[PDB]
């Protein structure tokens, strides 16, 4: 159902190329966020409040299989890594992940460790 990434109250921070940051949540899979060569390419969503998070899609437009992890937090200091695909070699257009029942968080952080990362969209579904 509802895509929290596109809620007005949701803010987004990126480790590079801030000019393209809103491309992560504009509802258009072909508008991309393409990070530069920083060692830790990362995106953090602040949902503004602690919310139910049921599922997450990452639309990956680059050539290489995406290597990534997903972390969540309530206070923004203590993080729980809920998906760890840093060694992934599977090549998919969309990397979907369904969360355990009852997962909540205010912050959702995405770390990308592959090459040619180009993210068309990140969708964070509440139930």
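Residue numbers count along the first chain shown, from 1.
- Between the stretches 21-29 and 99-107, it is 99-107 that shows the larger average CA temperature factor.
- If you average the C-alpha B-factors over 89-97 and over 70-78, the higher value belongs to 70-78.
- Comparing the listed residues 64, 54, 42, 60, the entry records the largest Cα B-factor for 54.
- Residue 5: CA B factor lies in the middle third for its chain, per the PDB record.
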